[PDB]
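Participant: The following block contains the structure, expressed as structure tokens.
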2 protein chains.
Amino acid sequence: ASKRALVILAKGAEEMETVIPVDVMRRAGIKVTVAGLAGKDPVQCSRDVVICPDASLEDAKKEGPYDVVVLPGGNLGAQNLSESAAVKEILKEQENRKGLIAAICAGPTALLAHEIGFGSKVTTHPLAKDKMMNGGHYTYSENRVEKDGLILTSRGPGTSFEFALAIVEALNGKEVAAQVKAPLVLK
Amino acid sequence: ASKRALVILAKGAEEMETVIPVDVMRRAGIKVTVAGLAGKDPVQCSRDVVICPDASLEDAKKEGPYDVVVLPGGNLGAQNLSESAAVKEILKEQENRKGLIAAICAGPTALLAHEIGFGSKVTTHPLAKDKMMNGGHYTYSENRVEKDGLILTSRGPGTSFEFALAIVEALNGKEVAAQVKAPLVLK
Ligand SMILES: [Cl-]
Ligand SMILES: [Cl-]
Ligand SMILES: [Cl-]
Ligand SMILES: [Cl-]
């Protein structure tokens, strides 16, 4: 069976950090559900790109479990994720079942909000470090992608490909990640 | 007055090559219109991301002229662009007024189809080289971004940030491009 990914899409998400992982994961043969936090209506992202989700989160969360739960960044998107009881339940269940959780840019701050993965080495966007580190519940890294067991984090739009390929490597292995990578013309 | 960009969005466009330039150009303060080739309805991109355009191309083309016309890639998107009389008219008018034309991945093959910028040095995705070079009307480059006067081309999803920043540099200058670049956490 193919691996499955849930990408939780909130108003104010960073559209690059949403689309790059969705696209790359689909290139890797992962079945990706783009789930709208607020419902099935189109989502206005941080830079005004409007993305139509595959499903509401309400519906998608009934079709679990997923091999990865992905949290895009965008400050306002991440705040929305941080405020959601549905997201809290999903991430706690994912942590409890030892499933991967992946978050980029400000996205990792939603892990703090929901008390997920404390003790992990993490990265974030430089501008999100102080938020993430409030209370000292994580150990900070400046690596472009950081993975500490089942918590996978990354820094910003420019690390999105590396983040997505790390997800692919974790789920489908190094060879699939290398095969997906080559046609992308990465630096 | 701010500079203005028209991004022409066709079914089968590469969503990363669509969203990265839109987002980066908006970060640079460019007024970007995402124009749907087929009309104002949501567009299903190559990897099934669905993007809602700002306007139809029919409508957006009445609000010209634009400082840049941007053609995303995606093989099926580029074919759609190549088959469109509306796109032909837009690109011919843009070339005639010495305005920038920017195309990525397979996107440059639409320049061939519409007989735009012959004699220019161009790049494309490696898999689109032979299509682009049919007839020897361009000189090929393996540079990640190529700019020959008002024809700006680039290779693939992984060169999208460099492509977008080259657009920004051309329109708003080197300092604005460097300022936009820094928060992206590029390699
Ligand atoms: Cl943001
Ligand atoms: Cl290739
Ligand atoms: Cl394609
Ligand atoms: Cl910064």
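Identifiers for the structure tokens are assigned positionally: chains receive A, B, ... in sequence, residues are indexed from 1 per chain, and ligands are indexed from 1 in the order shown.
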With a distance cut-off of 6 Å and only C-alpha atoms, select the neighbouring residues of region 128-135 of chain A, excluding the residue or stretch itself and same-chain residues fewer than 4 positions from it, and output the selection as a PDB file with N, CA and C atoms, in the first residue's frame.
Facilitator:
```pdb
ATOM      1  N   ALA A 106       7.488  28.756  10.298  1.00  0.00           N
ATOM      2  CA  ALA A 106       6.822  28.956  11.589  1.00  0.00           C
ATOM      3  C   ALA A 106       5.961  27.751  11.983  1.00  0.00           C
ATOM      4  N   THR A 109       6.061  25.982  15.410  1.00  0.00           N
ATOM      5  CA  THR A 109       5.471  26.622  16.609  1.00  0.00           C
ATOM      6  C   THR A 109       4.124  26.008  16.969  1.00  0.00           C
ATOM      7  N   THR A 124      13.556  26.050  12.849  1.00  0.00           N
ATOM      8  CA  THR A 124      12.459  26.890  12.426  1.00  0.00           C
ATOM      9  C   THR A 124      13.048  27.978  11.520  1.00  0.00           C
TER      10      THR A 124
END
```
Participant: Taking only C-alpha atoms and all ligand atoms and a cut-off of 7 Å, can you tell me which residues surround ligand 1, written as a tab-separated table (two decimals) with N, CA, C and O atoms, in the first residue's frame?
Facilitator:
```
chain	number	residue	atom	x	y	z
A	14	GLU	N	1.85	29.66	4.27
A	14	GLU	CA	2.81	30.02	3.20
A	14	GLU	C	2.55	29.05	2.04
A	14	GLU	O	2.74	27.84	2.15
A	46	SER	N	-0.83	33.20	2.47
A	46	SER	CA	-0.14	34.39	2.93
A	46	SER	C	0.12	35.43	1.84
A	46	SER	O	0.09	36.63	2.11
A	73	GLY	N	4.29	26.41	6.98
A	73	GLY	CA	4.43	27.60	7.74
A	73	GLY	C	3.50	28.69	7.26
A	73	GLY	O	2.41	28.42	6.76
A	74	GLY	N	4.00	29.91	7.37
A	74	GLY	CA	3.21	31.08	7.32
A	74	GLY	C	2.83	31.44	8.73
A	74	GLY	O	2.26	30.61	9.44
A	75	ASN	N	3.18	32.63	9.17
A	75	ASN	CA	2.93	32.98	10.57
A	75	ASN	C	1.45	32.87	10.92
A	75	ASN	O	1.10	32.32	11.97
A	76	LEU	N	0.58	33.41	10.08
A	76	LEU	CA	-0.85	33.41	10.40
A	76	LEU	C	-1.44	32.00	10.24
A	76	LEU	O	-2.29	31.58	11.03
```
Participant: Counting only C-alpha atoms, collect the residues of chain A whose closest atom lies at most 10 Å from chain B, and write them out as a PyMOL selection string.
Facilitator: chain A and resi 14-27+32+34+42-54+105+125-127+144+155-161+181-187
Participant: Take the residues from that selection and write them out as a compact mmCIF listing (two decimals), in the first residue's frame, keeping N, CA and C atoms.
Facilitator:
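The new file selection-v4.txt reads:
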```
# COMPACT_ATOMS: atom_id res chain seq x y z
N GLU A 14 1.85 29.66 4.27
CA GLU A 14 2.81 30.02 3.20
C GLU A 14 2.55 29.05 2.04
N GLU A 15 2.13 29.60 0.90
CA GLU A 15 1.73 28.78 -0.23
C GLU A 15 2.91 27.99 -0.83
N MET A 16 4.13 28.52 -0.80
CA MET A 16 5.26 27.77 -1.32
C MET A 16 5.51 26.55 -0.43
N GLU A 17 5.43 26.73 0.90
CA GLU A 17 5.67 25.67 1.87
C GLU A 17 4.52 24.65 1.89
N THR A 18 3.39 24.98 1.26
CA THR A 18 2.29 24.09 1.10
C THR A 18 2.46 23.26 -0.19
N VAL A 19 2.64 23.98 -1.30
CA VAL A 19 2.66 23.37 -2.61
C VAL A 19 3.91 22.54 -2.88
N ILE A 20 5.10 22.99 -2.44
CA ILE A 20 6.30 22.23 -2.75
C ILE A 20 6.20 20.85 -2.10
N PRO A 21 5.87 20.72 -0.78
CA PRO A 21 5.78 19.38 -0.21
C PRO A 21 4.66 18.53 -0.84
N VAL A 22 3.51 19.13 -1.13
CA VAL A 22 2.43 18.35 -1.75
C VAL A 22 2.90 17.77 -3.08
N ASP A 23 3.50 18.60 -3.92
CA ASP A 23 3.91 18.22 -5.25
C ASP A 23 5.00 17.16 -5.16
N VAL A 24 6.06 17.43 -4.39
CA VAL A 24 7.16 16.49 -4.26
C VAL A 24 6.68 15.15 -3.70
N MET A 25 5.84 15.19 -2.67
CA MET A 25 5.32 13.93 -2.12
C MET A 25 4.49 13.16 -3.17
N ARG A 26 3.70 13.84 -3.99
CA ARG A 26 2.95 13.16 -5.05
C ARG A 26 3.92 12.59 -6.11
N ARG A 27 5.01 13.29 -6.41
CA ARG A 27 6.04 12.76 -7.30
C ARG A 27 6.61 11.45 -6.78
N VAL A 32 -1.51 12.06 -1.06
CA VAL A 32 -1.52 13.29 -0.26
C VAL A 32 -2.94 13.84 -0.20
N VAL A 34 -4.73 17.24 0.90
CA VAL A 34 -4.68 18.63 1.30
C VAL A 34 -6.01 18.93 2.01
N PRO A 42 -12.06 27.18 -0.61
CA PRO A 42 -10.72 27.64 -0.98
C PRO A 42 -10.07 28.44 0.14
N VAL A 43 -8.75 28.29 0.23
CA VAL A 43 -7.95 28.88 1.28
C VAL A 43 -7.08 30.00 0.71
N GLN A 44 -7.16 31.20 1.29
CA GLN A 44 -6.32 32.31 0.91
C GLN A 44 -5.02 32.24 1.70
N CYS A 45 -3.94 32.00 0.96
CA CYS A 45 -2.63 31.84 1.58
C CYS A 45 -1.99 33.21 1.81
N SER A 46 -0.83 33.20 2.47
CA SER A 46 -0.14 34.39 2.93
C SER A 46 0.12 35.43 1.84
N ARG A 47 0.49 34.97 0.64
CA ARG A 47 0.78 35.85 -0.49
C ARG A 47 -0.38 35.81 -1.48
N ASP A 48 -1.58 35.53 -0.97
CA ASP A 48 -2.82 35.67 -1.73
C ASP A 48 -3.05 34.62 -2.81
N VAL A 49 -2.18 33.60 -2.92
CA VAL A 49 -2.53 32.46 -3.71
C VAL A 49 -3.70 31.73 -3.04
N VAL A 50 -4.70 31.33 -3.85
CA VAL A 50 -5.86 30.68 -3.35
C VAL A 50 -5.82 29.21 -3.79
N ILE A 51 -5.80 28.31 -2.81
CA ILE A 51 -5.71 26.87 -3.05
C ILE A 51 -7.00 26.20 -2.61
N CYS A 52 -7.54 25.34 -3.48
CA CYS A 52 -8.75 24.60 -3.14
C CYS A 52 -8.36 23.27 -2.51
N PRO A 53 -8.67 23.04 -1.22
CA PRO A 53 -8.29 21.79 -0.59
C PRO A 53 -9.04 20.59 -1.15
N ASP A 54 -8.42 19.43 -1.00
CA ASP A 54 -9.03 18.17 -1.42
C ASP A 54 -10.26 17.82 -0.57
N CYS A 105 9.23 26.28 8.75
CA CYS A 105 9.26 27.75 8.86
C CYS A 105 8.70 28.17 10.21
N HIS A 125 12.18 28.83 11.00
CA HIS A 125 12.71 30.06 10.41
C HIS A 125 13.46 30.82 11.49
N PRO A 126 14.55 31.52 11.15
CA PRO A 126 15.22 32.34 12.15
C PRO A 126 14.27 33.26 12.90
N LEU A 127 13.27 33.84 12.25
CA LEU A 127 12.36 34.79 12.93
C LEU A 127 11.36 34.10 13.86
N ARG A 144 19.37 23.11 7.84
CA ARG A 144 18.31 23.45 6.92
C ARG A 144 17.11 22.51 7.07
N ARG A 155 13.40 25.15 7.75
CA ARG A 155 13.55 26.57 8.08
C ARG A 155 12.68 27.54 7.29
N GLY A 156 12.45 27.33 6.00
CA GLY A 156 11.80 28.39 5.26
C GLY A 156 11.47 27.99 3.82
N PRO A 157 10.92 28.91 3.02
CA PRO A 157 10.53 28.53 1.67
C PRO A 157 11.68 27.91 0.88
N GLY A 158 12.88 28.47 1.04
CA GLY A 158 14.05 28.00 0.39
C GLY A 158 14.59 26.67 0.82
N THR A 159 14.05 26.12 1.93
CA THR A 159 14.42 24.77 2.36
C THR A 159 13.29 23.77 2.07
N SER A 160 12.23 24.21 1.38
CA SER A 160 11.06 23.39 1.17
C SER A 160 11.34 22.10 0.39
N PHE A 161 12.18 22.21 -0.64
CA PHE A 161 12.50 20.99 -1.40
C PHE A 161 13.25 19.97 -0.52
N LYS A 181 14.36 13.55 -6.74
CA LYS A 181 15.15 14.74 -6.72
C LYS A 181 15.72 15.11 -8.09
N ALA A 182 16.23 14.12 -8.84
CA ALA A 182 17.02 14.43 -10.02
C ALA A 182 16.29 15.31 -11.03
N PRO A 183 15.03 15.03 -11.40
CA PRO A 183 14.34 15.89 -12.36
C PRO A 183 13.96 17.28 -11.85
N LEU A 184 14.16 17.56 -10.55
CA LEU A 184 13.76 18.86 -10.04
C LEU A 184 14.77 19.94 -10.37
N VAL A 185 16.01 19.59 -10.73
CA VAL A 185 17.06 20.56 -11.03
C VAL A 185 17.38 21.40 -9.78
N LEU A 186 17.58 20.72 -8.66
CA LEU A 186 18.03 21.36 -7.45
C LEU A 186 19.53 21.67 -7.47
N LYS A 187 19.89 22.69 -6.67
CA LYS A 187 21.24 23.29 -6.57
C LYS A 187 22.16 22.25 -5.93
```
Participant: To one decimal place, how far is CA of residue 71 (chain B) from CA of residue 108 (chain B) in Å?
Facilitator: 7.5 Å
Participant: For ligand 3, which residue among B:77, B:39, B:117, B:64 is the nearest when counting only C-alpha atoms and all ligand atoms?
Facilitator: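 Going through B:77, B:39, B:117, B:64 one by one, the smallest distance to ligand 3 is for B:77.
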Participant: So that I can check the surroundings of residue 175 (chain B), please list as an MDAnalysis selection string every protein, DNA and RNA residue that reaches within 12 Å of it, counting only C-alpha atoms and ignoring chain neighbours fewer than 6 positions away.
Facilitator: chainID B and resid 28 165:166 168:169 181:182
Participant: Quick one: distance from CA of residue 146 (chain A) to CA of residue 61 (chain A) in Å, one decimal?
Facilitator: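 We find that CA of residue 146 (chain A) and CA of residue 61 (chain A) lie 26.3 Å from each other.
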